[PDB]
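Chemist: Need coordinates for the following:
(chains A, B, C, D, E and F)
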Amino acid sequence: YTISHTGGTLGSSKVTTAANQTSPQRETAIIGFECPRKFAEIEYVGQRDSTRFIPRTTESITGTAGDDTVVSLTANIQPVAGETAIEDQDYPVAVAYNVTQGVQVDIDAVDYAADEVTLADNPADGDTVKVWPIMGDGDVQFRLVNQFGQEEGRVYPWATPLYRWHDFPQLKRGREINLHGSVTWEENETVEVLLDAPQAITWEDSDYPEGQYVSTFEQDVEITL
Amino acid sequence: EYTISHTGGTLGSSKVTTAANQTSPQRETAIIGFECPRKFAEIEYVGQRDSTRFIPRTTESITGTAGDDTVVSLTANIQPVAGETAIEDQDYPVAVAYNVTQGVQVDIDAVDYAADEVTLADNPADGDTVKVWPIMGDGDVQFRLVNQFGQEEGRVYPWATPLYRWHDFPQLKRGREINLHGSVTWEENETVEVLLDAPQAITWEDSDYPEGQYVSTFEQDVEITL
Amino acid sequence: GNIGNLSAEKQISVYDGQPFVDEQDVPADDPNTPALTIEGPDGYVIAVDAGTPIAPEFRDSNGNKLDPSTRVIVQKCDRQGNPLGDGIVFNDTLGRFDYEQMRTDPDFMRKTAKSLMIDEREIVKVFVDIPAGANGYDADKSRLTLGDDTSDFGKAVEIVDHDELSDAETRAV
Amino acid sequence: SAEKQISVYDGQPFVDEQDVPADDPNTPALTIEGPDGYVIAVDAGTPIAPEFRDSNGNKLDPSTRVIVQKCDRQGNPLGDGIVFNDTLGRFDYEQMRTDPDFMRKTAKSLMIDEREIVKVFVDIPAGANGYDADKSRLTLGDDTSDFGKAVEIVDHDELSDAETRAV
Amino acid sequence: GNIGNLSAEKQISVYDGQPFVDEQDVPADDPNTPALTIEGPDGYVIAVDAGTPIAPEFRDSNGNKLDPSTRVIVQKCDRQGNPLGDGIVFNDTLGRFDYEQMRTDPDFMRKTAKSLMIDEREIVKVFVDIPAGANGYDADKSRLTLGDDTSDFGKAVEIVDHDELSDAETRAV
Amino acid sequence: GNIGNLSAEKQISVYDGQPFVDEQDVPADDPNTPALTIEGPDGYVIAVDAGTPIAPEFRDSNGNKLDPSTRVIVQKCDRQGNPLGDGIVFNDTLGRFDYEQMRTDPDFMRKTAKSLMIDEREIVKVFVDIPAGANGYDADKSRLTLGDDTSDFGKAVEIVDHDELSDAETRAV
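Modeler: Numbers count the residues shown, from 1 in each chain, chains lettered A, B, ... in the order given. Coordinates below:
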């Protein structure tokens, strides 16, 4: 006897762990979904249960004369659902924040091949700006961990590239992602979202303008009671 | 159907119950009204089986000057609580008092139930004011039904039970707690009411009270339909 | 708005406030004074089985209790106000009472020794025999109560309206 | 037939709104009650349009959790009997209640008697500016499309009433 | 050198300082926040029969007792922690009790109106409906004793491990 | 702690970054240069059903799109890379596509004609026919998405290991 819930950035319990990867290009644990006392068991079903992943990373720059443009950000940027111009997209490819003024920036335009962007407000010399764009490259998958901390086995031993999650309009029914495989938890067990990517990804930067969480990993699941 | 016990109270399962005061002429009036909610199906109270609890307390005021140790006749035939007259042994205080200008509690030392007098340790100041909340004495109470119009539809056991038994008996002990006579069945929006006739005006919700927000209380163990 | 049926028998007590009774203050040492005169309530009828409590909370004019040596009697009279000798239900003293618990514990509650039946017009009288010393009887600062009808103890008066053959046999006094 | 096909929204006199803080899930934002004489039925595949916004009219945080859940006749929830548990981040507000391709739907059916209760809970993190339903609202079910579905309402009919009473 | 072959049905009582119960201080008038949180101990089963008493020694942060008008409710919940609504065992006020002797004499023992049963995961909550001006609830100074395991009066709480057919029956919830 | 055992037919999609596929920047006007080069993964077997989509997101070094009159070609070859001539799956252009949505809506999902089946060493190649004026090919910025393994739409490709008579009948081309 079961119903449908979702695991989330917070999900059904304030024990879910959020850690970030390494700069040495080697796969790490992004997230640990640890099953709680409250529940009996958790089920995932690829090809039934949808999933959503808005990753978002961090860069920083210092200002001076002529800095209406920000560089190729070491990230192969992609349009969103094919769409380019910001205000029409499902979500912003990137956002940025001037720290000294302590304000948000609106963006003029983008160049995806050279991976550069063009703003409206020329920041001040000596000033600091943070940027939070999407993440580009990246290979993810699911891992199983017992109560002891031992790896049991990966799910569907075929990684998923990151950028499909950007390429598809994630909200449209049918277009949303359905990965492969199955997996089942027990009480004290854990499952782990693993990723390999070269750039560091973030969560929970205080200076974000739109929300207290920059990046989200939501997933649909079946639950027993 | 599944039925359980419950406790109708000053606040209870719905925040639409009314508590209001009586009048000074010897008139039977409405003290409390339990209006039934839509949450429930029906409610039942059964005298001789289910219990009821009541602590009524009124209000008085006094002005200070030299020699004001003895708090005067309070216009209520005070009784011992559980047959007892020494405060610290009592199940609840016969009376309490509070200086307003100081904004503080005051204790009580000496008592007299025929004189309706007491005597304190804090000689108040000439130009000071004190309030007192003593229990209610004489008075006769009963229950009333009222339909969804205000029309009376029935009393219960048409005999105004006296008040001072509630004070005389140690309300909490089994076999000595109070049970009235009669029975009753609520319905969705109808009201039941606790009615009383007595000289003195009762109170609740005097903000200057030390031991709580409500000076008096009415409780009734009853049964509920889900 | 259902309330539940009843028997015709109501299980209650009495006191001075119940307006079918008159009080009267007393001198020092008169036994014959009718302190309390209960009349029939002219439309209701009474049934006091034996084993019926009393709390005759008698006090002086200053609020102090009377002498324990005082004797107290409750007696029936005719419709004119004349005792019968028989029809007595109480003869004892306040020394066998304790005002602070004389209606609390059934161990404390002294009770009647006979039954009683009052028609529409008959009379009950309270008689009070006192020695010289005490300061009379002030009904203002005193009271009475008769019956226990509340706790899981006690046995109350059966008050009633008229039932037909019951009255038919009642009037065989 | 006596079956009425309708939708539901906040301004109707059987559904109470309530402003909320920023870090309390247990509070009832929206509370439906039975209308005291009719019976409601929802089926699975039913849409929702929870246009939730802040005191400045801006949208809430996408990471916010929304939950719809049946309760008993007391107002106490049930744990079981959930129909929705997902986020605002999935709803393009400009076209959620327009395109079926973006209409997010229910999972289960549901049945409300004259007293039963449905409630909507919202789990927000700390930083956000709460919830003001004076500007926000909800809309439920679609009457107008062959796509989507609507909500059934009836008065009392004997066989169906006695059957629906057998939850 | 024998001990006694015991039944599985261990008769005990509950106290706050146990590793299957958690305390939690409360604001002024937030009733839906739980005072206590009992959870199953992950493998045993508990039964609280009827006639079961309580000693809820609740006090403020300044040591005084709470408002007697405060309502207390105990209730079973789901494994999810949500109140079942139904399945109440108690609902009364603090002022019913006498902390001097609420657990002492049976004559003041207030008890449950129901029996109750608990699996490995099931949960009980203890909610406290309070008015505004109260000084909250300090569990660091307050505690609870559910049931009794010493008195020849009252009752206790049965606890067991898994017995086969009884467990298959117990799972009828 | 179960995972769920699996069939051998892994349903996936194919792209440049995988370690059995190679890219190569290309000039304008060679329809024979292999832009892409798939090879057998040395032990497994691949099956593309007829009715499979493509997304050949091809661009230039300046990020812009190629000439739509360009023709893309896909073709099977031998273990030495020599095309077989037959076994072609595709012959069409880029202008047919719409990179904004060419892998989203089935109304635009251009698909294959025939099936395909790769042994442990067979090879697929992808060719590009353009006039001179274009800005060549830049695979480093361009990519390809073959099939879908995520949607309720489209189809995927079946990877399998060696099951005996399956391979026995499969090698009978």
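Chemist: Wait, a helix at residue C:169?
Modeler: Yes: Residue C:169 forms part of a helix when assessed by DSSP: H, G, I helix; E, B strand; the rest coil.
Chemist: could you pull out the helices for the chain?
Modeler: You didn't say which chain, so I picked chain A. Applying DSSP state H to chain A gives helices spanning A:164-167.
Chemist: other chain: chain C
Modeler: C:164-170.
Chemist: What residue in it comes nearest to chain A?
Modeler: With Cβ to the nearest Cβ as the measure, residue C:2 is the residue of chain C nearest to chain A, at 41.2 Å. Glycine gets a C-beta too; all of them are placed from N, C-alpha and C.
Chemist: In contact with the residue nearest the centre of chain C, which residues?
Modeler: In chain C, the residue lying closest to the centroid (Cα atoms, centre = their mean) is residue C:146, at 5.0 Å. Each residue near residue C:146 by Cβ atoms under 8 Å, 6 or more residues apart in numbering or on different chains is listed here: C:13-15, C:52-55, C:157.
Chemist: Tell me who's in contact with the closest residue to residue A:163 other than its chain neighbours.
Modeler: Nearest residue to residue A:163, sequence neighbours excluded (Cβ to Cβ, 6 or more residues apart in numbering or on different chains): residue A:78, at 5.3 Å. By Cβ under 8 Å, 6+ apart, residue A:78 lies in contact with A:112, A:134, A:136, A:163, A:166-167.
Chemist: What of residue A:184?
Modeler: By Cβ under 8 Å, 6+ apart, the neighbours of residue A:184 are A:41-44, F:1-4.
Chemist: cutoff 6 Å now
Modeler: Residue A:184 makes contact with A:43, F:2, according to Cβ atoms under 6 Å, 6 or more residues apart in numbering or on different chains.
Chemist: Quick check: the gap between it and chain C.
Modeler: According to Cβ to the nearest Cβ, to the nearest Å, residue A:184 stands 56 Å off from chain C.
Chemist: Neighbours of the residue nearest to residue A:214 when sequence neighbours are not counted, how many?
Modeler: Nearest non-adjacent residue to residue A:214, counting by Cβ to Cβ, 6+ apart: residue A:56, 4.6 Å away. Residues lying near residue A:56 (other Cβ atoms under 10 Å in any protein chain shown) number 22.
Chemist: And the one 3 residues further on, by the same measure?
Modeler: Each residue near residue A:59 was counted by other Cβ under 10 Å, and the total is 18.
Chemist: just checking, it touches residue A:131?
Modeler: Yes: using Cβ atoms under 6 Å, residue A:59 makes contact with residue A:131 at a distance of 4.7 Å.
Chemist: What count of nearby residues applies to residue 12?
Modeler: Chain wasn't specified; assuming chain A. Residue A:12: 22 neighbours (other Cβ under 10 Å).
Chemist: hm, I was asking about chain C
Modeler: By other Cβ under 10 Å, the residues close to residue C:12 number 18.
Chemist: got a list of what it touches?
Modeler: B:159, C:149, C:156-157, C:159.
Chemist: now do residue C:103
Modeler: residue C:55.
Chemist: okay, now residue 75: neighbour count?
Modeler: All of this refers to chain A. Counted with other Cβ under 10 Å, residue A:75 comes out at 18.
Chemist: Can you look at chain C instead?
Modeler: Counted with other Cβ under 10 Å, residue C:75 comes out at 20.
Chemist: Would you confirm that it contacts residue C:84?
Modeler: No: at 7.6 Å, residue C:75 does not count as touching residue C:84 under the criterion of Cβ under 6 Å.
Chemist: thinking the residue nearest to residue A:214 is in contact with residue A:132, fair?
Modeler: Yes: the pair residue A:56 / residue A:132 is scored as a contact, 5.2 Å apart, by Cβ under 6 Å.
Chemist: any common contacting residues for those two?
Modeler: residue A:214.
Chemist: what's the neighbour count on residue 77?
Modeler: Looking at chain A here, since you left the chain open. Using other Cβ under 10 Å, residue A:77 has 23 other residues around it.
Chemist: sorry, should have said chain C
Modeler: 18.
Chemist: That one bridge partners, please.
Modeler: When bridges are called by DSSP bridges, residue C:77 pairs up with residue C:83, residue C:123.
Chemist: Let me see the contact set for it.
Modeler: C:83, C:123, C:125.
Chemist: Columns neighbour count on top of those residues, output as CSV?
Modeler: Below are these laid out as CSV (neighbours: other Cβ atoms under 10 Å in any protein chain shown):
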residue, neighbour count
C:83, 17
C:123, 19
C:125, 19
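Chemist: Would you mind naming what in chain C lies close to chain B?
Modeler: Applying Cβ under 6 Å from any Cβ of the partner chain, we find that chain C lies next to chain B at C:1-4, C:11-12, C:63, C:100-101, C:104, C:141, C:150-152.
Chemist: before we move on, the earlier item: mind checking which of the contacts of residue A:78 are buried?
Modeler: For those, burial is judged from neighbour counts taken by 16 or more other Cβ atoms under 10 Å in any protein chain shown, and it is met by A:112, A:134, A:136, A:163, A:166-167.
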